[PDB]
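Written below as structure tokens is the structure these notes are about.
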2 protein chains.
Amino acid sequence: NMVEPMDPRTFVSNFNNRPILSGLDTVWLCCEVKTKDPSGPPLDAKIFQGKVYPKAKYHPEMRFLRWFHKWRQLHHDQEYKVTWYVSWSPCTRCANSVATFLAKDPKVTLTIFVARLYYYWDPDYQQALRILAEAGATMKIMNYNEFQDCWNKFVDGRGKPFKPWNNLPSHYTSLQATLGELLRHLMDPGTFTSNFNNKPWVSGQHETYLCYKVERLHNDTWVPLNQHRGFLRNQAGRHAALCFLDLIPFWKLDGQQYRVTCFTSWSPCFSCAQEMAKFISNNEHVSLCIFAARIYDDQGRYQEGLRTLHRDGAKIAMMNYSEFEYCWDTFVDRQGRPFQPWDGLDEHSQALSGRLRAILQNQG
Amino acid sequence: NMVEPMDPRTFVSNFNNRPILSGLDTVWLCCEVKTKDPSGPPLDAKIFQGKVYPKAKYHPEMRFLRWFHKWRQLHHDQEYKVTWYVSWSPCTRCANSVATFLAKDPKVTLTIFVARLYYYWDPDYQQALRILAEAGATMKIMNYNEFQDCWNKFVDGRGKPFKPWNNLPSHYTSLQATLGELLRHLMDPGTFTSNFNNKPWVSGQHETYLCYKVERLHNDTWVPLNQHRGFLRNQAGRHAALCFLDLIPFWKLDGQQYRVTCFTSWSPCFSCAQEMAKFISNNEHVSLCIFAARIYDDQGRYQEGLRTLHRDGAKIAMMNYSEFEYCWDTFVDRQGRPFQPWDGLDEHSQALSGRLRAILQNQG
Ligand SMILES: [Zn+2]
Ligand SMILES: [Zn+2]
Ligand SMILES: [Zn+2]
Ligand SMILES: [Zn+2]
């Protein structure tokens with residue numbers, strides 16, 4: 001079995017799913033590496049533990065990555081299926097290191113079972129889970145069978161079986177509903193209504209939401225690629241347009257002709273416009289179309305940015321009624337409700353279209 | 001009277017307060033300069049017009065600043081009361097230029113009557129109005145009397161009297177309530193509840209709100225200065241802690257000893273911590289007290305920043321129930337309702353206190 005199994009009290013203290021209020025100290029990761037055949041024996045199994053504070057370098061997911069890099073050198077270059085049972089959901093830094101690892105090595109596939117979710121006072125925690133999902137990691141809450149499997153495979157049970165605790169199924173249900181909500185797919189209607197708006201009073205909105213879709217040129221028709229379809233938002237300290245650029249390479253598009261469409265609630269500031277100019281200049285097989293609900297004055301060179309983005313290709317347009325309705329129909333968890341326009345939508349669209357046409361062309 | 005009066009049709013289309021949906025073109029500013037004596041005759045009166053797009057250098061508030069700078073060199077060095085009737089509220093750039101002019105020149109006081117509010121798709125429009133108010137500008141909605149006075153003093157009416165339009169009062173009332181809301185002074189309760197919270201799930205909250213109060217040391221008792229008391233929030237492209245430092249010189253504090261207290265919904269990132277350390281090093285008569293609702297991990301050197309701030313003086317502490325309740329009582333438009341704690345408030349306070357005590361100190 002295992003070289004040094006987990007102590008039953010450690011398991012009971014850490015692999016549990018009832019809500020608690022204490023801060024984190026140590027997190028545990030039970031890890032199993034298998035071949036491509038699910039009924040093959042496990043190639044290896046190891047337990048990792050790490051202190052949450054004060055450095056993420058020592059979190060068990062980082063220890064796993066460093067371990068796995070040396071461990072894989074000692075076998076043939078083959079496909080691996082890795083499974084983690086982890087007592088708490090990973091931190092943002094580790095979510096990003098794992099997503100990058102998965103993206104750079106397609107021969108590894110990862111399934112992550114978490115006992116409980118932790119959020120780390122991170123305003124961008126949701127986007128960390130979403131980046132893991134985009135890099136191919138499967139993430140589920142541990143249910144009865146997984147707790148019992150981790151008990152059998154990793155705990156020094158001394159013949160004793162997994163004894164469940166009271167309300168285990170109920171905590172599972174609540175956590176899994178929470179996880180599914182964090183991994184949505186379709187945007188919340190209140191989110192759409194708070195952000196995709198063009199009234200000149202913007203209700204103090206500093207967030208930028210971005211709905212994206214990709215089409216491929218195939219026998220001279222544009223065919224949708226619905227597996228690359230969704231929405232994102234800005235991060236604390238990283239603008240939404242930059243996160244969109246960071247998302248694109250996870251799609252691993254080939255050299256065919258692609259058309260990427262973004263509906264963004266704010267047009268790009270100058271710096272994000274310049275990064276988008278660089279991206280489209282280095283990826284000319286990719287046609288970029290940006291529709292903005294509002295024009296963002298970054299108190300600087302945003303007009304130069306919009307003109308530079310327009311000149312390097314890229315269609316830039318203000319959203320009209322039709323684009324708003326399309327975004328609602330296509331990206332919103334609307335449950336059959338129709339689009340509901342707000343007063344002045346068409347007039348503000350017309351005024352903003354004029355301002356944009358004036359920015360392009362010239363006068364400033 | 002005046003050398004160039006406004007044409008009645010110009011007044012009718014621009015000095016009106018009914019809601020409209022069109023974009024802005026030209027804005028009008030009727031200006032009257034008087035001495036400190038209300039019963040003195042007006043020394044001068046001038047009309048300015050400016051195109052809103054594409055450069056704020058030509059907005060009428062800027063033309064007024066350039067004109068007035070030359071005008072006052074040619075008149076007596078005395079105190080002046082300036083009155084503006086302006087067809088729309090100023091843009092951010094003009095609001096800040098006027099605030100700076102007012103702050104650097106105490107012998108001039110400005111009253112601004114606006115026919116209608118315009119928001120320019122600016123997420124920080126509220127702060128522009130608020131910085132105008134903190135520099136001493138009085139800002140009111142034009143009522144019947146102000147429309148009538150503007151008509152008499154500035155319009156080529158050819159003996160005709162001011163004729164009001166239908167719903168002048170009702171639009172006035174709606175507009176003045178909106179303006180009063182923009183200059184609040186006391187924080188809306190929903191704002192407080194959405195931002196001053198310490199659950200480790202932060203609801204993606206990227207805003208930082210900051211409540212401040214000032215004390216004076218007088219014969220070794222700490223006296224409040226309730227004229228320097230309020231709240232602010234971050235801007236697009238400028239963090240809340242920087243906005244607070246920018247605010248402090250508007251207070252024109254002398255060389256006595258002052259204690260400034262911040263209750264912030266996020267502890268400062270590294271760059272803001274360093275700017276605050278610079279501030280307290282250049283203003284040793286000002287003792288700084290920071291209470292944070294949550295610790296903000298800026299994905300960089302934020303722990304060094306908190307340590308530097310703590311080493312340079314400056315008390316850094318996490319908010320407990322007592323501080324939350326004090327902020328509710330002191331800064332919130334609570335209308336007599338008591339503070340309502342949320343679940344886990346005390347436990348999350350204790351966990352964050354532990355983390356902060358570990359960050360100060362050391363361990364990594
Ligand atoms: Zn981590
Ligand atoms: Zn940007
Ligand atoms: Zn202006
Ligand atoms: Zn900061």
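Naming: A, B, ... by sequence-line order, numbering from 1 per chain.
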Using a cut-off of under 4.5 Å for heavy-atom pairs, which of [options] has the most such pairs with chain B?
options                : result
A:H206, A:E347, A:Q363 : A:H206
A:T92, A:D298, A:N198  : A:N198
A:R93, A:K55, A:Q126   : A:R93

Who wins among [options] for the most heavy-atom pairs under 4.5 Å with chain A?
options                        : result
B:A351, B:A236, B:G237, B:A358 : B:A236
B:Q350, B:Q127, B:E207         : B:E207
B:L24, B:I359, B:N234, B:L117  : B:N234
B:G23, B:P123, B:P200, B:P54   : B:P200

Applying a heavy-atom distance below 4.5 Å, give me the residues of residues 175-196 of chain A that approach chain B, sorted by number. A:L182
May I ask you to decide if B:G204's main-chain N or O and A:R233's side chain share a donor-acceptor pair within less than 3.5 Å?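 Between the backbone of B:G204 and the side chain of A:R233 there is a qualifying donor-acceptor contact (under 3.5 Å).
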Steps toward side chain to side chain contact (heavy atoms under 4.5 Å, CB included) verdict (A:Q299, B:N96): CA-CA 12 Å; A:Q299 301 304 313; B:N96 282 299; over 6 Å; no
Does any heavy atom of chain B fall under 4.5 Å from the side chain of [X], the backbone, both, or neither of them?
X      : value
A:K51  : side chain
A:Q205 : backbone
A:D346 : neither

Just wondering, more than 12 heavy atoms not from [X] lying within 6.0 Å of its [atom1]?
X      : atom1 : result
B:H171 : NE2   : yes
B:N362 : CG    : yes
A:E304 : CD    : yes
A:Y58  : OH    : no

Is there a side-chain contact between A:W121 and B:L352, using heavy atoms and a 4.5 Å cut-off? yes
CZ/A:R294 to CG/B:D122 distance, rounded to the nearest 0.5 angstrom? 11.5 Å
